[PDB]
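Below: one structure, written as structure tokens.
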Amino acid sequence: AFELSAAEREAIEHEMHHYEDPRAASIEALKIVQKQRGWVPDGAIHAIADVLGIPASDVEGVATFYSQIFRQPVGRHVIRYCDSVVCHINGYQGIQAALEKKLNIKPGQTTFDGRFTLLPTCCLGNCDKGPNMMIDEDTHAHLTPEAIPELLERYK
Amino acid sequence: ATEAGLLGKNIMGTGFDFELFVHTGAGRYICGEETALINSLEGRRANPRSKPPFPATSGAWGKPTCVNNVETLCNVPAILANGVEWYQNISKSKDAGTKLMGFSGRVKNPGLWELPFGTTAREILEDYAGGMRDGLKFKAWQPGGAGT
Amino acid sequence: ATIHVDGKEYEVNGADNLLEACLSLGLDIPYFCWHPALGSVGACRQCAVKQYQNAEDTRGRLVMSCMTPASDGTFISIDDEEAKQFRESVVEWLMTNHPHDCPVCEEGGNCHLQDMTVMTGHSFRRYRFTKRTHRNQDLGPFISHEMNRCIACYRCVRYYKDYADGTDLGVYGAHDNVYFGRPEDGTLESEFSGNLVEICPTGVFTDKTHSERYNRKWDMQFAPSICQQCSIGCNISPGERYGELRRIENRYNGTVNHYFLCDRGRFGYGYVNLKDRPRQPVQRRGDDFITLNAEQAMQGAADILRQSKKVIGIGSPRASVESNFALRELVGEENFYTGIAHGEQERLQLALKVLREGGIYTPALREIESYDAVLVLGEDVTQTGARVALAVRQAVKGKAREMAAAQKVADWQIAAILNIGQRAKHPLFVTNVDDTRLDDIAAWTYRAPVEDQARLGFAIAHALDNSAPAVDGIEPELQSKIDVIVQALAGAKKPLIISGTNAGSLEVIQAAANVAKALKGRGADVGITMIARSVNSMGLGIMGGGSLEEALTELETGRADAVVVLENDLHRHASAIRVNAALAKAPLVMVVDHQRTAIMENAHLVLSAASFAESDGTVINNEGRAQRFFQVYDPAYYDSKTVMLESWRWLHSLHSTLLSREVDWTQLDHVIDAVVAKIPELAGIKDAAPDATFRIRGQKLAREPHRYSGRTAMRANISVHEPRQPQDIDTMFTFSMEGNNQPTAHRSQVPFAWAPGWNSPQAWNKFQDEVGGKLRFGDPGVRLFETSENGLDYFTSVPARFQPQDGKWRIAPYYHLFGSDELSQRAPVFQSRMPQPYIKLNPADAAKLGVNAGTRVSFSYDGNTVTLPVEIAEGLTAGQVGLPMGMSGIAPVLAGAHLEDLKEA
Ligand SMILES: Cc1cc2nc3c(=O)[nH]c(=O)nc-3n(C[C@H](O)[C@H](O)[C@H](O)COP(=O)(O)O)c2cc1C
Ligand code: SF4
Ligand code: SF4
Ligand code: SF4
Ligand code: FES
Ligand code: FES
Ligand SMILES: [Ca+2]
């Protein structure tokens, strides 16, 4: 069902060259598969385990330990709004309410068209410019609930 | 720095070999704890380790390992370019050198400024952060992040 | 070292942690994540004590006793109020999410979490919010999974992965949703997965085989017994209820199998509860099967035996020493035959000669873990002697232990040791006809036919010692690997040479003996281990006798017209056609057995012998250790018409009826005295266990716990009148609660571990001199022979290399932990776990035959054409064909034999 692409295999092996032990490339191998396919499916655990020479239980433990390695299907874009305390003071709840009322989903859910998945993340290290959001790779700061219906429509 | 000979093999003709990698994380707050950092570096779950042994004797892959913050290593080059006496003669406090300090959260100017140790929190909040915003009364503060 | 616990002065070992030091002193500290065999990690935070800086300190500090060295001049308090409050708080935090499951949980009354909940005195719930829940996984036929009951103590993963080197169990997830299981549903693949049910302090991992016929630990009738499923002789506690064998628990033995069994021994007891077992003596007259009682069975058998001219007896390596000896006395020494084939007997007595005349110390199973280099020659140890493979894994991790000891890291601090010794390990070189389960930790694996394995052993011996015979025709690459092995073995302080009789090759055993002798001549502390085939293979070899072919010849020639077969099916050691013809020729066949075998159709008389659960006896280890097993239950307590006697009792009463025409149901100690009087090599079996007159301050040893229930009800459907308690004249155990099972009683045989406040397998702490050490008054069992003063000579019979000849196919043996051993593969829970019958082929030979993977091929062996589907074996060599030994129809005497007319069916 799952077979690693050639570019994924070369990227994983190149990451394995960087470390004394090949086990140390597990996080980056999972991130490589996730970057190529949106998330890490079930067969990717065994494929990465075979490439790295570690058990599949270790790969699954690493993949389910880290929050940013997705072991369930996500949408085309992952919205990650900050949940922590400075953005709580700066009013992240209005941003979360605006995102929920636009996308008609709860946090942790994906829209019916597969465009967005909404997730609360921890502090994005941008607390002096809060509240903060992270759509796929872009960090959007100084958020207002009125700017959500324009920010979300530039991610097709 | 590698193309300029500052990294790699035979740095500045001294024979010292140093290779610098950038390992991007996958999002856990416990990964910053140094022994859990070492465990995540080794491709494991980021559980911390009991000390002793400290990572200086048995760290990453059982080798001598030193974990330091970004800002400590950024303090190092000024120390070695200007001297010990200069680093000890910029603040009359028991904590030597300068520190990045800053106020955040519903102040006029939330931000980050490099200040000597012994700078009071009031002068940071008023002179640098601009005081609290309009129509807001100061009721509490955390000095050093969410764990203080 | 001097410690002060609650102001009381104690002398401890300074290299221990405070938790194990205090548990060894009899103090109680609650704990979850620590185990004596796994080391200390400091996870559960339960074992907190209060440490003071000196005697004049009152504040103190809460420390973890498992992570704190018990150094000289230590001051701690267990009964400190703040420490007690913290320990109760830890139990409370574990209780917040714990399911309301104790009545419907197989761990109840045997649960360590229950014990530590009560011990901290936490009985009031003030948590009012929701409990987290978990879905369960299917872990196969042996282990049941209930992740709700988990306390995240991490014992399971640390055992299964860092101790047993299993790969398919792990921890997943995060903060409070931490999950312990497989990455997906499926059978747990470790051969030692069954130890999870005792390692797990809660009811997450439970014995599914016990769960089918569940009963609580107080309702169990236990006895100390020896596992019958291979030669390693791990001590077990079988427990019964309502006349059926319910469970096999690990019985602690700090010299043999301390905390762990393999899965074959733990789950292969199901043959004892088979409904087709003989329960009465049955005589075949024409087509009629008359049921007899004991007395008239002996009278009729003695009459027919008296009228016959020659009577021969065929023993078995399944039977105890007493049963084989009683048969040998009934038929005479000259008419007694061991039930194994001639090649098996040759290999067994050669291994015995190496063990008791080779001058090289043979280690116990626990001592195997301390060796510095291992060479396994010809033995599939994981499939034939599995607990030795687990001990070999510990010996391999010894290098990381030494590396961490070099950095002054304490030996209980397991995580630091494993971090220091990352992938470094002691050298392991395994040799087999194919890949083994030890190949993950093996420095090198040699896949070759048994002649080439023997030649590699002979070459290693010659390279170590030039006086050893040389091998001609070694390839340069194989020579380089030989020098790798020789440099590893010569550089070790304690090399260990493992071989055995299961390879089917005498030359492999000879090569192993040559390597051990060469290492001994260089001044090394070399040990040698020989893995036998069955529970009493070494005892049957020590007693000796003719081979099965000689007995069949005596039956076929008509010189013997009566044969008494003891606990032997005769088809695993000879061809079924020849055995059936020889037994049909004999006018009197008497089979004494506890299982329904195929030769009972030809049997004129069948005596319902007892299995190990219903009998007492002595079995000899693969290391020569004589161990007594004790009867668990009386089979006639529930079924009054059951006549299921011990085999030695049957044969002794038959001998008495043959001589003096009166029966004599003897005693076990009389038979043991007869053994030690008649066979001086077996004289050590007298000291294996004390005799039936042994008492603890005048009272016997109790087989069942003090809270054993249902005394006036368990038999009330049969009759409301309570029957007499079954008397035990053979042993020092009583069939009741009216006895002793104190942890401080001066004895070595402990039927089960229980102490007040310790209802779990953690109660074994109270029965040991120090935790994880020996039993307090010595582990049971005695070594029959000491190490010889002088060794053997070198075996100069170096074989030629294997040559694939056309038309003939050398049978390569494949052993399975589930399937090869006879009695355990008769157990019904093993059939799902048993591999399907697959004949293994090289890709080249399969392409030569025009056969793909899965197509069925037919071959004729001894005139019997059988058909099996093909599995392609990459690691096998050409000209060899792989067959699963011990399965249905594939007798283990096929190892090393040749095959003809292999063609697609
Ligand atoms: C839970 C936890 C999280 C931590 N996260 C970080 C971190 O993100 N970055 C960091 O520099 N130190 C972090 N630390 C502190 C480190 O353990 C360590 O003190 C530091 O990284 C290196 O020491 P230094 O201050 O001398 O450079 C964390 C500590 C704990 C207990
Ligand atoms: S694991 Fe122990 S405490 Fe939990 S339900 Fe089972 S018996 Fe009760
Ligand atoms: S499953 Fe059992 S052994 Fe594993 S962490 Fe949970 S309680 Fe401990
Ligand atoms: S290794 Fe052998 S003796 Fe030990 S439990 Fe397994 S089958 Fe029984
Ligand atoms: S609290 Fe939101 S960016 Fe730090
Ligand atoms: S037993 Fe010491 S912390 Fe678990
Ligand atoms: Ca008895």
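Note on naming: chains are A, B, ... as they come in the structure tokens, residues start from 1 per chain, ligands start from 1 in the order shown.
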
### Query
Residues within 8 Å of ligand 4 (only C-alpha atoms and all ligand atoms), as a PyMOL selection string?
chain C and resi 226-236+257+260-266+384-388+535+817

#### Entry: All strand (DSSP E or B) positions in region 24-125 of chain B, as a ChimeraX atom specification
/B:98-101,107,113-116

Export N, CA, C and O atoms of the chosen residues as a PDB file, in the first residue's frame?
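Result file follows (again-v8.pdb):
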ATOM      1  N   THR B  98      25.446  41.568  29.887  1.00  0.00           N
ATOM      2  CA  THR B  98      24.130  42.043  29.500  1.00  0.00           C
ATOM      3  C   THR B  98      23.194  40.871  29.235  1.00  0.00           C
ATOM      4  O   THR B  98      23.618  39.753  28.942  1.00  0.00           O
ATOM      5  N   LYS B  99      21.903  41.151  29.341  1.00  0.00           N
ATOM      6  CA  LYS B  99      20.850  40.167  29.187  1.00  0.00           C
ATOM      7  C   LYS B  99      19.765  40.781  28.321  1.00  0.00           C
ATOM      8  O   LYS B  99      19.475  41.972  28.440  1.00  0.00           O
ATOM      9  N   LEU B 100      19.186  39.982  27.438  1.00  0.00           N
ATOM     10  CA  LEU B 100      17.996  40.405  26.717  1.00  0.00           C
ATOM     11  C   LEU B 100      16.806  40.333  27.661  1.00  0.00           C
ATOM     12  O   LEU B 100      16.430  39.246  28.108  1.00  0.00           O
ATOM     13  N   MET B 101      16.227  41.484  27.985  1.00  0.00           N
ATOM     14  CA  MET B 101      15.048  41.562  28.827  1.00  0.00           C
ATOM     15  C   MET B 101      13.939  42.261  28.058  1.00  0.00           C
ATOM     16  O   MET B 101      14.192  43.034  27.136  1.00  0.00           O
ATOM     17  N   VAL B 107       1.062  46.113  27.026  1.00  0.00           N
ATOM     18  CA  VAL B 107       1.831  47.303  27.331  1.00  0.00           C
ATOM     19  C   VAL B 107       1.877  48.145  26.063  1.00  0.00           C
ATOM     20  O   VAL B 107       1.451  47.712  24.993  1.00  0.00           O
ATOM     21  N   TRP B 113      14.860  44.330  24.659  1.00  0.00           N
ATOM     22  CA  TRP B 113      15.965  45.270  24.748  1.00  0.00           C
ATOM     23  C   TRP B 113      17.106  44.621  25.510  1.00  0.00           C
ATOM     24  O   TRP B 113      16.878  43.865  26.455  1.00  0.00           O
ATOM     25  N   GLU B 114      18.332  44.916  25.101  1.00  0.00           N
ATOM     26  CA  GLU B 114      19.509  44.383  25.771  1.00  0.00           C
ATOM     27  C   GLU B 114      19.904  45.322  26.901  1.00  0.00           C
ATOM     28  O   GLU B 114      20.251  46.482  26.659  1.00  0.00           O
ATOM     29  N   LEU B 115      19.854  44.821  28.130  1.00  0.00           N
ATOM     30  CA  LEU B 115      20.029  45.625  29.323  1.00  0.00           C
ATOM     31  C   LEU B 115      21.002  44.947  30.271  1.00  0.00           C
ATOM     32  O   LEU B 115      21.091  43.719  30.292  1.00  0.00           O
ATOM     33  N   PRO B 116      21.743  45.713  31.064  1.00  0.00           N
ATOM     34  CA  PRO B 116      22.591  45.097  32.085  1.00  0.00           C
ATOM     35  C   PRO B 116      21.759  44.460  33.184  1.00  0.00           C
ATOM     36  O   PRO B 116      20.605  44.821  33.420  1.00  0.00           O
TER      37      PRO B 116
END

### Task
Quick one: everything within 12 Å of residue 468 (chain C), counting only C-alpha atoms, minus sequence neighbours fewer than 2 positions away in the same chain. Send it as a PyMOL selection string.
chain C and resi 457-466+470-471+510-511+513-519+521+793-798

With N, CA and C atoms kept, could you save the residues just selected as a PDB file, in the first residue's frame?
ATOM      1  N   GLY C 457      33.698 -24.947  13.606  1.00  0.00           N
ATOM      2  CA  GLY C 457      34.110 -25.148  14.989  1.00  0.00           C
ATOM      3  C   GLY C 457      35.495 -25.759  15.117  1.00  0.00           C
ATOM      4  N   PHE C 458      35.784 -26.775  14.303  1.00  0.00           N
ATOM      5  CA  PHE C 458      37.098 -27.411  14.328  1.00  0.00           C
ATOM      6  C   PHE C 458      38.189 -26.434  13.907  1.00  0.00           C
ATOM      7  N   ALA C 459      37.891 -25.570  12.934  1.00  0.00           N
ATOM      8  CA  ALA C 459      38.854 -24.569  12.491  1.00  0.00           C
ATOM      9  C   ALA C 459      39.100 -23.510  13.557  1.00  0.00           C
ATOM     10  N   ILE C 460      38.053 -23.106  14.285  1.00  0.00           N
ATOM     11  CA  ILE C 460      38.232 -22.173  15.397  1.00  0.00           C
ATOM     12  C   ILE C 460      39.117 -22.794  16.469  1.00  0.00           C
ATOM     13  N   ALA C 461      38.888 -24.074  16.769  1.00  0.00           N
ATOM     14  CA  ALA C 461      39.700 -24.758  17.770  1.00  0.00           C
ATOM     15  C   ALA C 461      41.152 -24.872  17.326  1.00  0.00           C
ATOM     16  N   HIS C 462      41.383 -25.131  16.037  1.00  0.00           N
ATOM     17  CA  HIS C 462      42.754 -25.218  15.544  1.00  0.00           C
ATOM     18  C   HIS C 462      43.440 -23.861  15.554  1.00  0.00           C
ATOM     19  N   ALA C 463      42.709 -22.797  15.232  1.00  0.00           N
ATOM     20  CA  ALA C 463      43.313 -21.472  15.257  1.00  0.00           C
ATOM     21  C   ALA C 463      43.600 -21.012  16.680  1.00  0.00           C
ATOM     22  N   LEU C 464      42.797 -21.450  17.652  1.00  0.00           N
ATOM     23  CA  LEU C 464      43.082 -21.115  19.044  1.00  0.00           C
ATOM     24  C   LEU C 464      44.246 -21.935  19.588  1.00  0.00           C
ATOM     25  N   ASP C 465      44.276 -23.230  19.284  1.00  0.00           N
ATOM     26  CA  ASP C 465      45.314 -24.138  19.757  1.00  0.00           C
ATOM     27  C   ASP C 465      45.798 -24.967  18.581  1.00  0.00           C
ATOM     28  N   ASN C 466      47.102 -24.907  18.305  1.00  0.00           N
ATOM     29  CA  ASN C 466      47.653 -25.595  17.145  1.00  0.00           C
ATOM     30  C   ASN C 466      47.682 -27.107  17.319  1.00  0.00           C
ATOM     31  N   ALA C 470      43.516 -29.783  12.304  1.00  0.00           N
ATOM     32  CA  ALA C 470      43.311 -28.736  11.320  1.00  0.00           C
ATOM     33  C   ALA C 470      42.183 -29.107  10.368  1.00  0.00           C
ATOM     34  N   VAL C 471      41.653 -28.089   9.697  1.00  0.00           N
ATOM     35  CA  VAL C 471      40.611 -28.247   8.692  1.00  0.00           C
ATOM     36  C   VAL C 471      41.183 -27.821   7.352  1.00  0.00           C
ATOM     37  N   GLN C 510      31.310 -32.376  18.896  1.00  0.00           N
ATOM     38  CA  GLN C 510      32.752 -32.597  18.975  1.00  0.00           C
ATOM     39  C   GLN C 510      33.532 -31.312  18.721  1.00  0.00           C
ATOM     40  N   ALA C 511      33.095 -30.513  17.747  1.00  0.00           N
ATOM     41  CA  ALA C 511      33.755 -29.247  17.451  1.00  0.00           C
ATOM     42  C   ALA C 511      33.607 -28.259  18.597  1.00  0.00           C
ATOM     43  N   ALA C 513      33.257 -29.078  21.761  1.00  0.00           N
ATOM     44  CA  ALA C 513      34.157 -29.564  22.800  1.00  0.00           C
ATOM     45  C   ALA C 513      35.603 -29.206  22.486  1.00  0.00           C
ATOM     46  N   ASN C 514      35.983 -29.265  21.207  1.00  0.00           N
ATOM     47  CA  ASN C 514      37.333 -28.878  20.808  1.00  0.00           C
ATOM     48  C   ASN C 514      37.594 -27.401  21.068  1.00  0.00           C
ATOM     49  N   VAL C 515      36.626 -26.538  20.746  1.00  0.00           N
ATOM     50  CA  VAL C 515      36.784 -25.106  21.006  1.00  0.00           C
ATOM     51  C   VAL C 515      36.905 -24.843  22.500  1.00  0.00           C
ATOM     52  N   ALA C 516      36.071 -25.508  23.304  1.00  0.00           N
ATOM     53  CA  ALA C 516      36.123 -25.311  24.749  1.00  0.00           C
ATOM     54  C   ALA C 516      37.444 -25.796  25.331  1.00  0.00           C
ATOM     55  N   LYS C 517      37.947 -26.934  24.848  1.00  0.00           N
ATOM     56  CA  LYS C 517      39.232 -27.450  25.310  1.00  0.00           C
ATOM     57  C   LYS C 517      40.385 -26.545  24.894  1.00  0.00           C
ATOM     58  N   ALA C 518      40.332 -26.004  23.675  1.00  0.00           N
ATOM     59  CA  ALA C 518      41.375 -25.092  23.219  1.00  0.00           C
ATOM     60  C   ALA C 518      41.387 -23.814  24.041  1.00  0.00           C
ATOM     61  N   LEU C 519      40.206 -23.295  24.382  1.00  0.00           N
ATOM     62  CA  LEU C 519      40.142 -22.108  25.228  1.00  0.00           C
ATOM     63  C   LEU C 519      40.607 -22.410  26.645  1.00  0.00           C
ATOM     64  N   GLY C 521      42.869 -24.637  27.448  1.00  0.00           N
ATOM     65  CA  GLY C 521      44.313 -24.767  27.399  1.00  0.00           C
ATOM     66  C   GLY C 521      45.054 -23.451  27.338  1.00  0.00           C
ATOM     67  N   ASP C 793      40.343 -35.547  25.248  1.00  0.00           N
ATOM     68  CA  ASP C 793      41.280 -35.280  24.172  1.00  0.00           C
ATOM     69  C   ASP C 793      40.553 -34.600  23.019  1.00  0.00           C
ATOM     70  N   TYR C 794      41.329 -34.057  22.088  1.00  0.00           N
ATOM     71  CA  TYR C 794      40.744 -33.464  20.896  1.00  0.00           C
ATOM     72  C   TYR C 794      40.102 -34.539  20.032  1.00  0.00           C
ATOM     73  N   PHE C 795      38.943 -34.220  19.469  1.00  0.00           N
ATOM     74  CA  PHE C 795      38.289 -35.111  18.522  1.00  0.00           C
ATOM     75  C   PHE C 795      38.888 -34.888  17.142  1.00  0.00           C
ATOM     76  N   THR C 796      39.565 -35.901  16.616  1.00  0.00           N
ATOM     77  CA  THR C 796      40.266 -35.780  15.347  1.00  0.00           C
ATOM     78  C   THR C 796      39.383 -36.080  14.147  1.00  0.00           C
ATOM     79  N   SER C 797      38.112 -36.414  14.364  1.00  0.00           N
ATOM     80  CA  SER C 797      37.202 -36.763  13.275  1.00  0.00           C
ATOM     81  C   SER C 797      36.604 -35.489  12.678  1.00  0.00           C
ATOM     82  N   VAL C 798      37.430 -34.791  11.907  1.00  0.00           N
ATOM     83  CA  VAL C 798      36.996 -33.589  11.202  1.00  0.00           C
ATOM     84  C   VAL C 798      36.231 -34.015   9.956  1.00  0.00           C
TER      85      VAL C 798
END

### Task
Compute the set of chain A residues within 10 Å of chain C, using only C-alpha atoms, and express it as a PyMOL selection string.
chain A and resi 21+42+45-46+54-67

### Task
Excluding residue 19 (chain A) and residues on its chain fewer than 5 positions from it, collect all residues at most 10 Å away from it, counting only C-alpha atoms, and give them as a ChimeraX atom specification.
/A:14,24-25 /B:21,41-43,61

### Query
Which chain B residues are at most 9 Å from chain C (counting only C-alpha atoms), as a ChimeraX atom specification?
/B:45,49-53,57-63

Written selection (N, CA and C atoms) as a short mmCIF file (atom, residue, chain, number, x, y, z; two decimals), in the first residue's frame:
data_model
loop_
_atom_site.label_atom_id
_atom_site.label_comp_id
_atom_site.auth_asym_id
_atom_site.auth_seq_id
_atom_site.Cartn_x
_atom_site.Cartn_y
_atom_site.Cartn_z
N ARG B 45 11.91 9.40 21.70
CA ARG B 45 10.96 10.21 22.44
C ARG B 45 11.72 11.09 23.42
N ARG B 49 16.43 12.69 31.30
CA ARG B 49 17.26 11.69 31.95
C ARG B 49 17.63 12.15 33.35
N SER B 50 17.87 11.18 34.22
CA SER B 50 18.31 11.48 35.57
C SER B 50 19.77 11.90 35.57
N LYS B 51 20.06 12.96 36.31
CA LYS B 51 21.41 13.42 36.52
C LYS B 51 21.75 13.36 38.00
N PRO B 52 22.95 12.88 38.37
CA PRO B 52 24.08 12.38 37.59
C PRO B 52 23.81 11.01 36.93
N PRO B 53 24.51 10.69 35.83
CA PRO B 53 25.56 11.47 35.16
C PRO B 53 25.06 12.65 34.34
N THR B 57 29.72 14.44 30.97
CA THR B 57 30.45 13.18 30.98
C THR B 57 29.82 12.12 30.09
N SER B 58 28.49 12.05 30.05
CA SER B 58 27.77 11.06 29.26
C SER B 58 26.53 11.74 28.69
N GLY B 59 26.64 12.26 27.48
CA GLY B 59 25.54 12.99 26.89
C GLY B 59 25.01 12.37 25.62
N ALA B 60 25.17 13.08 24.51
CA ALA B 60 24.65 12.62 23.23
C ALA B 60 25.42 11.40 22.77
N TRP B 61 24.71 10.28 22.62
CA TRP B 61 25.27 8.98 22.25
C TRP B 61 26.34 8.52 23.23
N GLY B 62 26.22 8.91 24.49
CA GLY B 62 27.15 8.51 25.52
C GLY B 62 28.45 9.29 25.55
N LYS B 63 28.63 10.25 24.66
CA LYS B 63 29.84 11.04 24.56
C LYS B 63 29.73 12.29 25.42
#

### Query
Restricting the calculation to only C-alpha atoms and all ligand atoms, which member of C:188, C:729, C:745, C:737 is positioned closest to ligand 7?
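Using only C-alpha atoms and all ligand atoms, the shortest distance to ligand 7 belongs to C:729.
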
Would you write out, as a Markdown table, a table of all residues in chain B that have an atom no more than 8 Å from an atom of chain A, listing for each the closest atom pair and the distance in Å to one decimal, considering only C-alpha atoms and ordering rows by chain and rising residue number?
| residue | atom | partner | partner_atom | distance |
| --- | --- | --- | --- | --- |
| B:21 | CA | A:18 | CA | 7.6 |
| B:24 | CA | A:28 | CA | 7.9 |
| B:25 | CA | A:27 | CA | 7.7 |
| B:26 | CA | A:68 | CA | 5.1 |
| B:27 | CA | A:68 | CA | 5.4 |
| B:28 | CA | A:66 | CA | 6.1 |
| B:40 | CA | A:24 | CA | 7.8 |
| B:41 | CA | A:24 | CA | 6.0 |
| B:42 | CA | A:24 | CA | 4.1 |
| B:43 | CA | A:24 | CA | 3.7 |
| B:44 | CA | A:62 | CA | 6.1 |
| B:45 | CA | A:62 | CA | 5.3 |
| B:46 | CA | A:65 | CA | 8.0 |
| B:61 | CA | A:21 | CA | 7.9 |
| B:103 | CA | A:128 | CA | 7.9 |
| B:104 | CA | A:128 | CA | 5.2 |
| B:105 | CA | A:86 | CA | 5.8 |
| B:106 | CA | A:90 | CA | 6.6 |
| B:110 | CA | A:128 | CA | 5.0 |
| B:111 | CA | A:128 | CA | 5.5 |
| B:146 | CA | A:85 | CA | 7.4 |

Could you write out that same residue set with C-alpha atoms as a compact mmCIF listing (two decimals), in the first residue's frame?
# COMPACT_ATOMS: atom_id res chain seq x y z
CA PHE B 21 24.25 21.04 11.66
CA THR B 24 14.69 21.30 13.26
CA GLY B 25 12.29 19.99 15.88
CA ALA B 26 8.80 18.55 15.71
CA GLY B 27 7.04 20.53 18.41
CA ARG B 28 7.22 19.55 22.06
CA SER B 40 15.23 13.95 20.83
CA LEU B 41 18.54 14.58 19.05
CA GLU B 42 19.11 10.81 19.08
CA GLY B 43 15.77 10.26 17.32
CA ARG B 44 13.94 9.08 20.44
CA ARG B 45 10.96 10.21 22.44
CA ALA B 46 11.98 13.31 24.36
CA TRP B 61 25.27 8.98 22.25
CA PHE B 103 7.99 43.22 28.79
CA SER B 104 5.10 41.67 26.89
CA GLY B 105 1.33 41.72 27.10
CA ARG B 106 -0.95 44.78 26.84
CA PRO B 110 6.01 45.22 23.92
CA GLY B 111 9.45 44.20 22.78
CA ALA B 146 5.22 30.93 32.00

### Task
Could you give me the residues within 9 Å of ligand 2, counting only C-alpha atoms and all ligand atoms, as a list in words?
residues 95, 98, 99, 100, 101, 102, 103, 104, 105, 106, 107, 108, 109, 110, 111, 112, 113, 114, 115, 117, 146, 148, 149, 150, 151, 201, 202, 203 and 204 of chain C

Residues of chain B within 7 Å of ligand 1: nearest atom pair and distance (Å, one decimal) for each, counting only C-alpha atoms and all ligand atoms, sorted by chain and number, as a tab-separated table?
residue	atom	partner	partner_atom_place_in_ligand_line	distance
B:29	CA	ligand 1	3 (C)	6.1
B:30	CA	ligand 1	1 (C)	4.8
B:31	CA	ligand 1	5 (N)	6.6
B:32	CA	ligand 1	5 (N)	3.3
B:33	CA	ligand 1	28 (C)	3.8
B:34	CA	ligand 1	17 (O)	4.3
B:67	CA	ligand 1	22 (C)	5.3
B:68	CA	ligand 1	27 (O)	3.3
B:69	CA	ligand 1	27 (O)	3.5
B:70	CA	ligand 1	11 (O)	6.5
B:72	CA	ligand 1	27 (O)	5.6

### Distance in Å - CA of residue 212 (chain C) versus CA of residue 269 (chain C)
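CA of residue 269 (chain C) lies at a distance of 13.6 Å from CA of residue 212 (chain C).
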
### Query
Excluding same-chain residues fewer than 3 positions from region 100-115 of chain A, what lies within 9 Å of it counting only C-alpha atoms, as an MDAnalysis selection string?
chainID A and resid 73:78 95:97 118:120 148:149 152 155:156

### Query
Out of chain A, which residues get alpha helix (DSSP H) from DSSP, as a VMD selection string?
chain A and resid 6 to 16 26 to 37 42 to 52 56 to 65 85 to 89 92 to 103 148 to 151
